[PDB]
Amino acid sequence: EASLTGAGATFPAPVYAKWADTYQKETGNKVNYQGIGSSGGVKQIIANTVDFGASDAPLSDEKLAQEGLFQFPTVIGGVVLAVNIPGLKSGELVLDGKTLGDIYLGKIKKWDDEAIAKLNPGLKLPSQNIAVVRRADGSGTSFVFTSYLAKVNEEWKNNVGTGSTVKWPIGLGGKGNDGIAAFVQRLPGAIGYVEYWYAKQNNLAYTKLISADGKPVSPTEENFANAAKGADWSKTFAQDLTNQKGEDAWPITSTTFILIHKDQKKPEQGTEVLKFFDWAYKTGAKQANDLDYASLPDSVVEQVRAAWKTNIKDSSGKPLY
């Protein structure tokens, strides 16, 4: 039995934690996962403080090469807007990209703003102030969210841009996906972006969103999967899954990554990290789906396995998979 340590993205922390627990029950191996945000995860893996780091934001092939790291995707999740609006049921409210961006820009101050009312004809909206919540910590979810906003709101794109950390025009800072979930729960009128699980498991109402094709879609495991249908995984694991074309394609979808060293100084640890994720690929789909994360296609797991064989080695050049 091995004691493994991973750290980073809170976006997939629920599934990593479920997997870790099941893995220990079946094999005794212990995987400790620390949800510190993707930025912290990349920092920790580079400093060799953990066996694997985790980030929703992919590192470029050049950055990976400069750092001697290898990155592989695990699951597909979705970012949703958790809200606390008086009188509204979860999934009742519909927002499109431009209006969502105007909300994050601080231009739309009330829930019954004309722009929101037009996207929701017949929906009774309260004159409640919108309490914008965003991430305090360096975040892969912020990267995905701002990548999306830049595509649908020019003002956002030009003034704030995209990143794991950005100069938020407005909004209170929550620490981690759970921090934003907690804020939304205690703040009437709040809106905050979180990985789907954080909304669902905290019984937070969330909104529908207009797809890239122009249609209202609900955030569901299948709709996150739909957003990745046009992904040419063959080309790279670093797939952009925001605002993708297609029927029922959730617009703020994303995969997430695990970062490990190619040259394993502690080869038993590396070997065990690969076995945990391999077991997850072959055995953990039901657990991932149960937590509303879509599974990576089998072809993609085969690519990961093939890449592990050629990229992960000990100091003597011997493959750890």
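Residue indices: 1-based, along the sequence shown.
In this entry, 123-131 shows the higher mean Cα temperature factor of the pair 68-76 and 123-131. When 82-90 is weighed against 205-213, 82-90 comes out higher, by mean CA B-factor as recorded in the entry.
Looking only at 29, 283, 39, 254, the residue with the top Cα B factor in the deposited structure is 283.
The PDB entry assigns its highest CA temperature factor, among 151, 167, 175, 186, to 186. Ranked by Cα temperature factor within the chain, residue 303 sits in the middle third according to the deposited record. Among the modelled residues of the chain, residue 291 sits in the middle third by CA temperature factor in this PDB entry. Residue 310 sits in the highest third of its chain by CA B factor, as recorded in the PDB entry. When the CA B factors of the chain's modelled residues are split into thirds, the value for residue 49 lands in the highest one. Among the modelled residues of its chain, residue 218 has a C-alpha B-factor that falls in the middle third according to the deposited record.
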